[PDB]
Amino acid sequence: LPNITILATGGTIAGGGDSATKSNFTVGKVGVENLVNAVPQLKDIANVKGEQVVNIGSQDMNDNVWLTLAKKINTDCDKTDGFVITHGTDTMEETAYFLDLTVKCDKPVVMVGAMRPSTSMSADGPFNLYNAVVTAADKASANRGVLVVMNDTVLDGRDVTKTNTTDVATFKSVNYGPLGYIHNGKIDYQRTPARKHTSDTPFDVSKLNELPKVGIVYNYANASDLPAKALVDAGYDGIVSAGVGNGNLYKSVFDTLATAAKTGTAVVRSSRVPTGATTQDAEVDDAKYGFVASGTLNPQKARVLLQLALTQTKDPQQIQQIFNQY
């Protein structure tokens, strides 16, 4: 059987409350094999090895945990057959993409969480975990970049996003679709991401101990520019604008970002719209202002790419070429 290493980071997947009727869910609530003893069926498809990296609610996820997982994975690659990462569902789409860009291991790396606390009836965690490990042990899962396995579906780290606040079927690659579907331990792959990932990226955080400073400003009617200004005065390396429609910005916010763009601040235009790309040929002329169009990357994902892009350049033209290849 394959040697599957499980890197735990916390999340609902490893926590409940007190009863099925009601529960006091917070961030976590249990160690590692607890999340191995509960699903005794795993022992049938793999040799699982656990290790608690940290144990928080993804809502508090941050650069350090990211950098750690990245290094941890790069280091253990040769010693194991595939990795499974338990994680909260709130920022799972953010961590998955980061790892997708930094992991240099091409053996399966599957992320998995749970939308219901283990204490609830019909909790999805146990089946999600099973399937995740099944995917990880599957030879065919290799070379597809970081994956996310939820509700019998295999989703790529780039397009995946949480589309619903409570639904167990929340996760979907809203622009390009899933890569495969799972049935009784069997996976039918019919897709694989085109953009370069993992071992094929220039990014390598092996020696980094911290990442650039990137913030996200939001756009709406009568929007205030203070948040934008705040991040500027506070000296931030880059800023992702969650624009309205196709990457548009409210006057105020536009000016502030237009100026900061001069000062030498990396500005990427993304959109609050859940689906579709922020194209370069629209209302705004990024060429003149130095803005970068995020494409199909949403605000929180465009950030991930801006940080890494900044670890290697500050030229809007370069950063933009990056946003067109990863």
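Just count from 1 along the sequence shown to find any residue number.
- Item | Mean temperature factor over C-alpha atoms, higher-scoring stretch between 164 to 172 and 193 to 201 | The stretch with the larger average C-alpha B-factor is 193 to 201.
- Task: Between 87 to 95 and 244 to 252, point out the one with the higher average CA B-factor as the PDB entry records it.
- Result: According to the entry, 244 to 252 carries the higher average C-alpha B-factor.
- Message: Sorting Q59, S270, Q300, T259 by Cα temperature factor from the record, which one lands on top?
- Response: Answer, based on the entry's C-alpha B-factors: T259.
- Task: Would you mind checking which of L67, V30, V48, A277 has the top Cα temperature factor in the PDB entry?
- Result: Of the candidates given, the C-alpha B-factor peaks at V30.
- Compare the C-alpha B factor of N55 with those of the other modelled residues in its chain, then answer lowest, middle or highest third. Middle third, going by the recorded CA B-factors of the chain.
- Task: Determine, from the deposited record, the chain-internal third of the Cα B-factor for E210: lowest, middle or highest.
- Result: Tercile = highest for this residue's CA B-factor.
- Query: Compared with the other modelled residues in the chain, in which third is the CA B-factor of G82?
  - Reply: For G82, the deposited C-alpha B-factor lands in the middle third.
- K229 CA temperature factor, ranked by third within the chain: Its C-alpha B-factor, which the entry lists for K229, ranks in the highest third among residues of this chain.
- Task: Report the third (lowest, middle or highest) to which the CA temperature factor of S118 belongs, ranking only the modelled residues of the same chain.
- Result: CA B-factor rank for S118: highest third.
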